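Chain IDs A, B, C, D, E and F follow the sequence of writing; residue 1 opens each chain.
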Amino acid sequence: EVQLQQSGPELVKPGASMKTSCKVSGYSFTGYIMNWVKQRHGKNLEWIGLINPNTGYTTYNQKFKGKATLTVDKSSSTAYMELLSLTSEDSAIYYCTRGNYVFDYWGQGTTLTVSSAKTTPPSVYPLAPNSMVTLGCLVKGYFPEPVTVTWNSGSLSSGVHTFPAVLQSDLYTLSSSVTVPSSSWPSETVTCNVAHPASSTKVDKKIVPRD
Amino acid sequence: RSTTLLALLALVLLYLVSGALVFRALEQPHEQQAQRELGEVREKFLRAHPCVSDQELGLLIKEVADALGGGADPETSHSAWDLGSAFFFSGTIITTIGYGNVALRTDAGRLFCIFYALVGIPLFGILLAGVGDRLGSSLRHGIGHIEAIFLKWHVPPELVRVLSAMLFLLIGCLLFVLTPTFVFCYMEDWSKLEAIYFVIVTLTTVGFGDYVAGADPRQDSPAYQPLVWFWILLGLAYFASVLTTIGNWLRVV
Amino acid sequence: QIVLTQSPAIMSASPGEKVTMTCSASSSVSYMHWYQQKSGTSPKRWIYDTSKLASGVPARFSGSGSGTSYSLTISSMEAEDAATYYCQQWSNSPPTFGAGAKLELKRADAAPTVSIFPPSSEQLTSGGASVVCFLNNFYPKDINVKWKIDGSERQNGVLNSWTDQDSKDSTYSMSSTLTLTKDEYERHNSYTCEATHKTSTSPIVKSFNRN
Amino acid sequence: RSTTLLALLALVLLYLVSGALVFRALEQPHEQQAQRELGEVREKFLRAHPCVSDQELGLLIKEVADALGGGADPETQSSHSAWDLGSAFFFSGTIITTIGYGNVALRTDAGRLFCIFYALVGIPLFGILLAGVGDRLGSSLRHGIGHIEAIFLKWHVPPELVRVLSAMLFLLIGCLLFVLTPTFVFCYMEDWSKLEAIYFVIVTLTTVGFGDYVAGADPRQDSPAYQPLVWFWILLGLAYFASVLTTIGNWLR
Amino acid sequence: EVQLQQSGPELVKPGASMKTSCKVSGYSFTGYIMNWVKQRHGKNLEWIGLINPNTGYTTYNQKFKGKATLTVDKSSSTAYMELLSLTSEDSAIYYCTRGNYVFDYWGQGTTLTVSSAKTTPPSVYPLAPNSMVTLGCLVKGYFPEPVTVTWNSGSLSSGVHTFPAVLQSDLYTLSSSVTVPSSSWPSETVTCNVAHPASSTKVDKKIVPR
Amino acid sequence: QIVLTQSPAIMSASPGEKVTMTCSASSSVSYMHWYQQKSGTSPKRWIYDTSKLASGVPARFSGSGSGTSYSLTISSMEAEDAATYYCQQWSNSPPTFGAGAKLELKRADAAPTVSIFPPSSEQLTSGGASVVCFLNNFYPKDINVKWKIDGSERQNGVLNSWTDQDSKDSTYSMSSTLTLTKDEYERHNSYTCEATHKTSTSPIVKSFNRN
């Protein structure tokens, strides 16, 4: 069972650099070429460059010539990528993958977030207004991802959509919908629970019918 | 006539343009084959050797090319500038054949080559004329014995002269074109067509260099390498005599 | 340098349907490789050297092509085949990728359940005013939303968000969020969210009056 | 004269052996170096790629060599054509002139077959035109000389020396126009050295046609009229090289 | 710690063939070239040939072209050499060793014996005749190697040489010497203990004075 | 089929002495490698690429050379250095080896302790008669034995065996075994073993009478 285990997500300021790793097991590190690939959110895959762990030889995509430095530690069969002078366009998922003609094994990826923003808890605002009724939670102005949204502490889990966050002037916003039988609301209370681990924020918001 | 020579210019010009059309038609579709093969060899190697990046293989191939370009040979006795190969190479100059399958790499080599040729070619031309006259003598003399038979058969002395010329070249052709081509076929593992191609490219002194016989000696067949030199000498003289007389026929026409 | 085009970029198949995606190369390559990616996770070598199947891959997948035109085919769609497929080449350094082809599951068309939500009082007190619209559980994905304030259309300050295809009902949902300042909001009275979907010639419109 | 033929044969033979000694002395060391470098490249690649046997690397190299030998370019992986109309025209020229650079080889049996008949018919045809241009070029030169010759005779220099001086001027200006002028042209146009350019010129006008250097062959140049126009020079130069040597021969006889 | 573990000694009849193995561990089998080397008793090393475990590619010494076949099993990262139509000239030690320019790791070797002889237990004969006295055991007519010789059940370990076996008409003979203070013998008994594992033979011989 | 010559094939060194062994090549070679072998065990890469030391190797070993002439040197002999060293080349396939240079420890000369042994009664009863001579713990190794029956020399049915240099006292020992039939044995009476070693000009002779 070949396995490429990449290090965890990283968050860094614009201008900084950042080094990330990929430890291989299940085969001999020095026998195969290692590559790195960039995927900016859900878009085309971009080959950054390669290193030959045995020889130290590297080549890079022109796009990434100045940007990325590949190195390896043979003893700990680990490959490293350093990224330099990071800008917002560098925020992406990065993979280590193996191969000299096709890429036959990939790491699980590591997410890099480049941003000036400071840890901010979200403001949570209820969305109140047929047998079925739809209620929502607006969660805005938080950083960084992620937040978790549950409903009645997760005892209300069917009928729920949480939409992808989007960036608005350096902060994230999303909302969550939940749909319930109108016999249930407002006869029964509905509260959305929002957690933002980065700020140690836990917020509960009761949805109350408009006065 | 100046008017006629302008006409001749135009004819030749057309002979060239017509040639151009045909070579392009026959060869352009295969311009790229060698690249393709090289790439296939690369891709195949990469698939076998996961420790090798395409880029690394690339550099190897460049470095190999540079060395071959300096005269290195793939090894698995092969010196092109040992005495025998240099002798041969000198031959290729004074004959004006100029195969060039082995290039001079030094400015001294080039410089020396200039004076070697300027002096060597005319000197050789002289010997060639000499051998041409002596070889034609031997041929025409032998053919004279066969001519005796035709004259007794009351075949007109004018046709007997013609039959002898046809014979003259036909027998030479046999000895210097056909015989060698069959020889080379077996010796070089060329095809019949490759061998004739070689022969004729050689005797015309065109000397492309895509095919070359006698640059190095063959163990288990000593007489080969000299006989080839001997052959070139005799064949060039036979070819020359044909061209001078066919040149001879042409200019009066 | 060599450019790979996968078109169309989106397609859909019912289960049992045969599916063919193509990859066209800016200039000839000797072999094409393909990866399968499911949201959340790294790409998997799916097909390599044009027509060889990677270990895991079921037989319904096949690949073919040559020179400048290559294809990937599913003889008979299945549910777990929903994914994004990418081609890539390495007959010329540097290696390159197609921009991917997303393959979604087809289903019966569904109209959006639409809900509009006025700014919470909580938000208003902090000077902001976000008006939200959920368009839920529809298919197919192509949909258009239009905002109207006092009958007049507004497009600025609007942000949209689509879910992935739902893994159980195969529907899509989206949010649309008109963000204004409290000022702008209080100047007008009628707020309408208007949805155009294939399932009807006539828009679906939810409105509310500020009072 | 049988005695002289044998003497001449022996002389040439010595001219070759002497040439051989010199080329070996000037070239072998560079070659032996390249051979060393090839082996160093191998040994270095093995030390870096343990998945590779020497014997396997040997096969790769043989295969690469064959492809490069067939005109593959190490630098790219795959726009310009060696058999476009202008280059094919040129190639045809290289045949009938018997120059035979051969920097682009025929790959098809049809190409080879056709090439045989193209030459057999093309070369004598060209020889005729060459004689023609040789006489006409010498005529025009001799006529132009006449007017300046009038000045020398008035200056009371003996008619025998005036003939000699005029020959000096005759060849010096031809040399100027067909040797010196072109070499200076090519130096700038091909990025060759002066010595490379003269080497080329002379290898060309002697019809040796090695093929290590070829004007216009360079792939990058945007120069359509260039390569055939160079042939214009080749025509004029060859004939002059010829006609002068012919008249020299006549004066000697 | 790279390791090449070769299979055990093999004994085969003239004419037969024989396959021997080398399992590698400590690195990836398919990443390096494997070679085999012959050493006929204590003399020059001979490269037999190589195989590339990843590609299957093999080349041989011309001397061994028909004789030897190299193969590998990738899954069990094991290399094999087969030898054919064996003669006594083939009796030697054979090594697997790794490398494509220098041979950097070697198996411990495997000894091949080509012979018609049958398993025979040794005859053990005592050798009996100053401050020191030397006694011996003659161990003759056994096959195959090895035997082992100890003295007084290992209580006598200094003063002991066992000489290399030699072939005597298709069987082995050796002797063992032990040197002891003459005060010790024959005042104290001395017995040599000879073991021939192949025949399950364990023999003790008391040295008795003439 | 490059040929490597190591001469001499045998040499001996006292401890502390500097030892140099050479390897000449039939034609030029870019690198030389050396193996150490101790009797009983496989060769060990000792020096490679002319002058690089393998991991185990102590600093007193060094290598040098170029073209057609290479050497291995011990700055100062030690006991554990006693071994056979082999050179090998792979600048041309096929790789080849020198025939090895055997390096023994020098020490003070020692005369053989000689013992002769009459046939055991056990052996005689079975019809065989082996007469044995031990020549023990001498140095150097060059030695000559002569058998005599009734004063006259016998050189048939004699078999000899040399030990390796002893690991603790650096001596050598050998056995000589005259094997006769009981018949031949009982015909004569005096049996003598006679040893010629450089330590004395006069043979050492042990005898016994069958009586």
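Criterion: a residue touches a chain if its C-beta (ideal position, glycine included) is under 8 Å from a C-beta of that chain, and two chains touch if they have at least 3 such contacts.
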Joint neighbours of subunit E and subunit B, given as chain labels: A, D
Most heavily contacting chain pair (counted by C-beta pairs in contact): B-D
Centroid spacing, where centroids are CA-atom means, of subunit A and subunit F in whole angstrom: 73
Distance from the mean Cα position of subunit D to that of subunit C, given in whole angstrom: 66
Chain centre separation (subunit B, subunit D; CA means) in Å: 15
Multi-partner residues of subunit C (each touching 2 or more other chains): 31, 90-91, 93
Numbers and ranges of subunit D residues touching at least 2 other chains: 39, 43, 47-52, 54-56, 58, 77-78
For subunit E, residues contacting two or more additional chains: 30-31, 54-55, 59, 100-101
Touching pairs among all chains present in the structure: A-B, A-C, A-D, A-E, B-C, B-D, B-E, C-D, D-E, D-F, E-F
In the complex, subunit D residues that touch subunit F: 39-40, 43, 47, 54-55, 58
For the subunit A and subunit C complex, residues of the former touching the latter: 35, 42-47, 59, 61-62, 95, 97, 100-109, 123, 125-129, 132, 134, 136, 138, 140, 161, 163-166, 168, 173-175, 177, 179, 210
Subunit B partner contacts - residues on subunit E that touch it in the complex: 31, 54-55
Complex interface listing, subunit E residues touching subunit A: 27-28, 30-31
Sites on subunit B touched by subunit E in the complex: 48-51
